[PDB]
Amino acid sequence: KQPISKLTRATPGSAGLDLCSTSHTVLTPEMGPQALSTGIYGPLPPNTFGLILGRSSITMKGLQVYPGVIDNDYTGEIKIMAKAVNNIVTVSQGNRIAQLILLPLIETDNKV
């Protein structure tokens, strides 16, 4: 297992940490949502939660990433939920497919 801290940013001002697919995978529209492995695991830094979002270059090439919420205390593997929009999409091993954004986790009095 590899932690969040192993992820990298494209540039200092890049909002997201890049997430790569660990397998070669082919996706077609009729397959619907698929969960792609990353080999990267939660949990997140205290007081933060994560959002998985698409990279625009990948979205424009026809692979939609469904935004996903990563809970602060999640300790499982971060998977990318993805669907081919219109056409056959081929993802190669180590391709940068999504990005992880970290956001503040607001406290509320909501019952847990």
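One-based numbering along the sequence shown.
Trainee: Between 48-56 and 32-40, which has the higher average C-alpha B-factor in the PDB entry?
Mentor: Mean CA B-factor is higher for 32-40.
Trainee: Highest mean C-alpha temperature factor of the two stretches 72-80 and 22-30, which is it?
Mentor: Per the PDB record, 22-30.
Trainee: Consider only the C-alpha atoms of the modelled residues in this chain, order them by B-factor as the entry records it, and name the third containing residue 16: lowest, middle or highest.
Mentor: It belongs to the lowest third of the chain when residues are ordered by C-alpha B-factor.
Trainee: Among the chain's modelled residues, which third holds the C-alpha B-factor of residue 98?
Mentor: For residue 98, the deposited C-alpha B-factor lands in the lowest third.
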